[PDB]
There are 4 protein chains.
Amino acid sequence: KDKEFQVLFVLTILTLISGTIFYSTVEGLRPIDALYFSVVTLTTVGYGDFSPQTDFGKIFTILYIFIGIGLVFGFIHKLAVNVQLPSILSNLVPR
Amino acid sequence: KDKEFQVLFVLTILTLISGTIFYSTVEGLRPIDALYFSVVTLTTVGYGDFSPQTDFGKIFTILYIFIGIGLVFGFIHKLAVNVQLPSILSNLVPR
Amino acid sequence: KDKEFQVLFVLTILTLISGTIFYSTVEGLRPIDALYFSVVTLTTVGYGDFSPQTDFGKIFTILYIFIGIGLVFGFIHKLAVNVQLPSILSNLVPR
Amino acid sequence: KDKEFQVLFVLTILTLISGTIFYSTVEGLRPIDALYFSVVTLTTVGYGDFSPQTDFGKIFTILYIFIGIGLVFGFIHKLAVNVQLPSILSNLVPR
Ligand SMILES: [K+]
Ligand SMILES: [K+]
Ligand SMILES: [K+]
Ligand SMILES: [K+]
Ligand SMILES: [K+]
Ligand SMILES: [K+]
């Protein structure tokens, strides 16, 4: 379950690195903005302060969303159930 | 389970084709933009770089979201559990 | 299960009517735009072509999201599992 | 189950207070706007009427989304199943 978490964590980082490199290069974003946009996209927040302007970028974004959402949300779920929840429970019981 | 996936895949493509034809025609979008907007809508990202301007388009969008989200997210789930997950597990074991 | 669906359907309509009346009145939207915005909000798409400008509207929106998401998505789930899925299965078997 | 709800409720309030203080201070938003933006972010609506402009804000937002979504949506789920659903059922049976 901690190895579950480690693998999803690594996969999430790799997925976000892919987006960061793509949007920096093809859409011309600063790397921090490309990382931020990748996160805002795959968590489905979608502010629209950044959005792709090239056709190559729009096509990549379609594919990135379909591949990336299941991973990101799997990580979020394991984070909440396997890390946040036990730490909250631990806080209720003084030692 | 691979036939589960094939059917959801076909249904997702058909749903995205419907949106592409509608928004190209009624909202005047280029086809690639109409496909991109359909994806951004049904995955609930919603950048707002494109949004419907006609009343016909707003009404269609209401109905398209309610019909389209359950399908799209069903496909994403099967993609992640039935295709991505086994391929990740396979990568852990050299042959 | 069809009464499950009927109740969620009615509750969803009532929730969308509430939003339509509120945003028309307080935020000055045309009724069709207020309905569209309510749907775009509770399904978490969030284009931002419309957004509340008054403090009363922002406060209402906070509460409307928290009360409305669980209902809307419950309806979507029952729609997909209890109506769309059987009709798809029925299409596979000629009579 | 009512203590389940109380704990998630308190945690959600604390998470929203954190965002309110951060975005007011670092991004210069009025407190009501910072609360509204925090809610719009963690429920994944993402209108984009407000979005972070500083790099410190973008980095905080990445981390806030990953930590905050699992909590917020856990609260929404318990709200819908443990509070809204029983009250709806109660309304069906006159006393
Ligand atoms: K969104
Ligand atoms: K969303
Ligand atoms: K969601
Ligand atoms: K926007
Ligand atoms: K959005
Ligand atoms: K937006």
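Each reported figure results from applying straightforward, stated rules to the coordinates on display, with no laboratory input. Neighbour counts run over all protein chains shown; Cβ positions are idealised from the backbone, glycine included.
All but one of (1) more than 26 Å from D:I32 (Cβ to Cβ); (2) without any contact (Cβ under 8 Å) to a residue 60 or more places away in the chain; (3) surrounded by 17 or more Cβ atoms within 10 Å (Cβ to Cβ) hold for C:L85; which doesn't?
(3)
Determine, yes or no, whether D:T61 is farther than 18 Å from C:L71 by Cβ, within 16 Å of ligand 6 (Cβ to nearest atom) and touching a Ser or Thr at 6+ places or on another chain (Cβ under 8 Å).
yes
Filtering the stretch C:57-79 down to residues that are more than 27 Å from B:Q53 (Cα to Cα), aliphatic (A, V, I, L, M) and surrounded by 19 or more Cβ atoms within 10 Å (Cβ to Cβ), which residue is nearest to the chain's Cα centre (by Cα)?
C:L71
Among (1) closer than 22 Å to B:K78 by Cα; (2) without any contact (Cβ under 8 Å) to a residue 24 or more places away in the chain; (3) within 11 Å of chain D (Cβ to nearest Cβ), which single condition is A:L14 missing?
(3)
From A:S18, A:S90, grab the single residue that is surrounded by fewer than 14 Cβ atoms within 10 Å (Cβ to Cβ), away from ligand 6 (no atom under 16 Å from the Cβ) and part of a helix (DSSP H, G or I).
Exactly one of A:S18, A:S90 is surrounded by fewer than 14 Cβ atoms within 10 Å (Cβ to Cβ), away from ligand 6 (no atom under 16 Å from the Cβ) and part of a helix (DSSP H, G or I), namely A:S90.
Which residue out of A:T44, A:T20 is touching a residue at least 12 places away in the same chain (Cβ under 8 Å) and closer than 17 Å to D:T44 by Cβ?
Matching residue, one of A:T44, A:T20: A:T44.
Take C:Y36 and tell me if it is over 22 Å from D:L79 (Cα atoms), of a type outside the set (S, T, N, Q), assigned to a helix (DSSP H, G or I) and within 9 Å of chain B (Cβ to nearest Cβ).
Yes, satisfied.
Only residues that are of a type in the set (V, I, T) and within 11 Å of chain B (Cβ to nearest Cβ): list them for the stretch C:70-95, please.
C:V72, C:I76, C:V81, C:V83, C:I88
What number goes with the only condition from (1) surrounded by 14 or more Cβ atoms within 10 Å (Cβ to Cβ); (2) more than 10 Å from chain A (Cβ to nearest Cβ) that D:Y47 does not pass?
So the condition that D:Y47 fails would be (2).
Using the structure shown, decide if C:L35 is away from ligand 4 (no atom under 16 Å from the Cβ), surrounded by 20 or more Cβ atoms within 10 Å (Cβ to Cβ) and more than 20 Å from B:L42 (Cβ to Cβ).
For C:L35, the condition - away from ligand 4 (no atom under 16 Å from the Cβ), surrounded by 20 or more Cβ atoms within 10 Å (Cβ to Cβ) and more than 20 Å from B:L42 (Cβ to Cβ) - is not met.
For D:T25, all conditions in the list (1) in a helix (DSSP H, G or I); (2) within 14 Å of the chain's Cα centre (by Cα); (3) not basic (K, R) hold save one; what is the number of the exception?
(2)
Would you pick out the residues in the stretch B:34-63 that are charged (D, E, K, R) and within 19 Å of A:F37 (Cα to Cα)?
B:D49, the sole residue that qualifies.
If you go through the stretch D:26-45, how many residues are among the polar types (S, T, N, Q) and more than 15 Å from D:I59 (Cα to Cα)?
The qualifying residues number 2.
Among (1) at the interface with chain B (Cβ under 9 Å from one of its Cβ atoms); (2) exposed (fewer than 14 other Cβ atoms within 10 Å of the Cβ); (3) among the hydroxyl-bearing types (S, T, Y), there is one condition C:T54 misses while meeting the rest; what is its number?
(1)
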